[PDB]
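Participant: Below: one structure in structure tokens.
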Ligand SMILES: [Mg+2]
Ligand SMILES: [Mg+2]
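Protein chains in written order, with the authors' numbering: chain B, 14 to 158; chain A, 14 to 158.
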């Protein structure tokens, strides 16, 4: 149930990373990859809804929950994601939201990787997050500190 | 050209790597990801043929070319890959052979990533290769030497 809250925050964090690193403007495609139990608790079971809305800068106290499923549907239907609420970018689930049930990130089971790409298909940045406890968030590299 | 020969060799190099690093015995699943130009000549257009048989240690100046398509088919049909021809392991295309047409590895367009995992879904090793020229091969980290 920190399969909803945590992933929403992770997305949110990734959005700020894009600003912090001045790669938001250059970003034309985004990819999300879920692992271990996050991946296992599948398509339609909260986490995708949570992540997409969060990538749109909805955030989990701020946001309205009745709106989350409709909004996911619009995103898939239109193939447009409103990154951080500022920019509409192409989105294709087959390609941009993966459930890797057979795979495990090494720190913990509830793992995620966020990736941004520019319009010439170059990777701009990659960031791994984990959600643990009630649904607090941590980066790969802060996990152990 | 270097859409068949090169990738076959790359799969070969990976097999040697597995042996060279003493991870062949721990390996219980394998994954291949194609990028740029390699991913773009799709399912059934050479490169999957070539890689699978190469992962079976068929090797390209020495394999029977009449045998490659039938064999790829059995691998898919049976869902078993006979790694380095020493060991049958579970294989699922949906999961283990990916054509990432919307992505580029950074050095060159003909990129490949080989991954091996143990039976606990732990990743044992990644290796990126590229095929260049006639179909000579190189690793990521040797590309610039
Ligand atoms: Mg659509
Ligand atoms: Mg089958």
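Note that beta-carbon positions come from the ideal geometry of N, C-alpha and C, so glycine has one too.
#1: Establish whether the CB of residue 117(B) and some CB of chain A are separated by less than 8 Å.
#2: In the DSSP assignment, the beta strand (DSSP E) including residue 174(B) goes from what residue to what residue?
#3: In this structure, does DSSP put residue 124(B) in helix, strand or coil?
#4: For residue 126(A), which option in 39(A), 41(A), 68(A) has the closest C-alpha, if you only look at C-alpha atoms?
#5: CA-CA distance, residue 146(A) and residue 129(B)?
#6: Using 7 Å as the cut-off, classify the Cβ of residue 95(A) as near or not near the heavy atoms of ligand 2, replying yes or no.
#7: Kindly provide the ranges of any beta strand (DSSP E) runs that are 3 or more residues long and lie completely inside the segment 69–101 of chain B, ordered along the chain.
#8: Does chain A have any CB closer than 8 Å to the CB of residue 9(B)?
#9: Is residue 133(A) near ligand 2 - that is, is its Cβ less than 7 Å away from at least one heavy atom of it?
#10: If we count the other Cβ atoms within 10 Å of its Cβ and call it buried at 16 or more, is residue 15(A) buried or exposed?
#11: Assuming residue 113(B) is part of the beta strand (DSSP E), what are its boundary residues?
#12: Given 7 Å as the limit, tell me if residue 61(B) has its C-beta closer than that to any heavy atom belonging to ligand 1.
#13: What's the gap between the Cα of residue 61(B) and the Cα of residue 138(A)?
#14: Can you tell me whether residue 31(B) is helix, strand or coil according to DSSP?
#15: Return the bridge partner residues of residue 144(A) from the DSSP annotation.
#16: For residue 85(B), collect the residues of the same chain with a Cβ closer than 6 Å to its Cβ; drop the 5 residues on either side in sequence, then sort them by chain order.
#17: Assign residue 134(A) to one of three DSSP states: helix, strand, or coil.
#18: What in chain B is Cβ-close to residue 108(A), meaning under 7 Å?
Facilitator: Taking the definition as stated:
#1: It does: the Cβ of residue 117(B) has a partner Cβ on chain A nearer than 8 Å.
#2: Limits of chain B in this structure are 14 at one end and 158 at the other, which puts residue 174(B) out of reach.
#3: strand
#4: 68(A)
#5: 30 Å
#6: no
#7: 93–96
#8: What the structure shows of chain B is the stretch from 14 to 158, and residue 9(B) is not part of that stretch, so it cannot be assessed.
#9: no
#10: buried
#11: 110–113
#12: Checking every heavy atom of ligand 1 against the Cβ of residue 61(B), none is found closer than 7 Å.
#13: 28 Å
#14: helix
#15: 150(A)
#16: 62, 65
#17: Reduced to three states, the DSSP call for residue 134(A) is coil.
#18: 115
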